[PDB]
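Below is one structure; the comments refer to it alone.
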Amino acid sequence: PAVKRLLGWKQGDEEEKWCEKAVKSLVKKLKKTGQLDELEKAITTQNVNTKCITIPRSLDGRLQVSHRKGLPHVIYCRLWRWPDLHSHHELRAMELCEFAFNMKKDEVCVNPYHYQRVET
Amino acid sequence: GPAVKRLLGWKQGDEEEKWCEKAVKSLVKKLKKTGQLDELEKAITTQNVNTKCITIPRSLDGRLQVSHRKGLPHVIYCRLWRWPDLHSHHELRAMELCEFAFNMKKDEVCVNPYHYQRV
DNA sequence: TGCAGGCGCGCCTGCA
DNA sequence: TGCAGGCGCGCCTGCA
DNA sequence: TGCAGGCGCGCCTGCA
DNA sequence: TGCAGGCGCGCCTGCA
Ligand SMILES: [Zn+2]
Ligand SMILES: [Zn+2]
């Protein structure tokens, strides 16, 4: 009771506010392209055989979320799988991943379960 | 909105939100024992600077440990309820009204966030 | 309900 | 020297 | 010198 | 509907 009341008054940190901004950014795109269910299926079931969850690729490959840039597959693999993920060099797509980042296609797959972490 | 909160619950960087709950649980347990919990809720919800000092015992080095993390008690609770980007105790100055301020080295340390001003 | 295991303050080490 | 961080004994908690 | 980060126009939201 | 304001991708800049 008092603990949960006092916790509600907590000033929110920028990292949690940014994570929410990162998830809202992806959800808005997936909703528009009919891919939101697949993201929830991939995240909650950890199923590697899920479809590619794609977003359009930018000219430099970077994605901006609340004044912060990063590679989109790296942003969402750090979010749902490896918080200590340093760079794209630590990621390796599976053969089944049609839209892997490394392939530089029109769309980029951000399904965290289509990438394997390597120790570079 | 429902999908965003659902998907957010699945994130991996949850090390900091479980800690804030442990930090609040730690303070509440001490304030209930000493009859000061209502004053904390009055200070937090009303932002009233003229609230009474909300004290906890002071340790030998002045640091407080919450779930394997150490910090100065007034800094911990000012960052929690007022300034998340609060860097160190050097950015805090107690109001003159505050009898149990951190810098006073007394037996009890006041952790009412509304008895400190940011500099 | 006895008791294994969690965790904090005090003690100590180790840099800048 | 201000500060960070590791870890044990004493205190406290939650099960079979 | 590669590349992180600043910032504007275009896009979009939201009031009157 | 005239207008304000938030923010990203594309463009551009400044360091270690
Ligand atoms: Zn894929
Ligand atoms: Zn005070």
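Per chain, numbering begins at 1; letters A, B, ... match sequence-line order. Worth knowing before you read on, the calculation uses all heavy atoms, side chains too, and leaves out hydrogens, waters and symmetry mates.
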> A:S25 near the nucleic acid: base, sugar-phosphate alone, or nothing, with a heavy-atom cut-off under 4.0 Å?
Replying inline: nothing
>> Suppose the criterion is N1-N3 plus one more Watson-Crick contact, or the two G-U wobble contacts, each under 3.5 Å; do F:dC15 and C:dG2 qualify?
In response: no
> If you measure only the distance, is there a donor-acceptor pair under 3.5 Å linking the side chains of A:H89 and A:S87?
Replying inline: yes
>> Heavy atoms from C-beta onward define the side chain here; which of F:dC9, D:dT13, D:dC3 lies closest to that of B:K29?
In response: D:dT13
> When rounded to the nearest 0.5 angstrom, what distance separates CG in B:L97 from OG1 in B:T51?
Replying inline: 8.5 Å
> Does a Watson-Crick or G-U wobble pair link D:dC9 to C:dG8, with each of the two distances under 3.5 Å?
Replying inline: yes
> Counting only distance, no hydrogens or angles, is the base of F:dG10 paired donor-acceptor with the side chain of A:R62 under 3.5 Å?
Replying inline: no
> Hey, do C:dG14 and D:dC3 pair up, Watson-Crick or G-U wobble, with both distances short of 3.5 Å?
Replying inline: yes
> So is F:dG5 sitting in a Watson-Crick or G-U wobble pair with E:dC12, both distances under 3.5 Å?
Replying inline: yes
> To the nearest Å, how far apart are B:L60 CG and C:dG8 P?
Replying inline: 17 Å
>> Which residue is it: B:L92, B:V75, B:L86? I am looking for the one with a side chain to side chain contact (heavy atoms under 4.5 Å, CB included) to B:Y116.
In response: B:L92
>> I'd like to know if B:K70 reaches the base of C:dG10 with its side chain such that a donor and an acceptor end up less than 3.5 angstrom apart.
In response: yes
>> Can you measure A:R57 atom CZ to F:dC9 atom P for me and round it to whole angstrom units?
In response: 13 Å
> Which one, F:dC7, C:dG8, D:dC3, comes nearest to the side chain of B:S67?
Replying inline: C:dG8
> If you check the A:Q64 side chain, which of D:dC3, F:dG10, C:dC11 turns out closest?
Replying inline: F:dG10
> Does NZ or CZ of B:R82 fall inside the cone over B:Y77's six-membered ring, less than 6.0 Å from its centre and within 45° of the axis?
Replying inline: no
>> Taking only side-chain N and O atoms of A:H67, does any of them lie within less than 4.0 angstrom of OP1 or OP2 on E:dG5?
In response: no
> What nucleotide among C:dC11, F:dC7, C:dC9 has an atom nearest to a side-chain atom of B:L64?
Replying inline: C:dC9
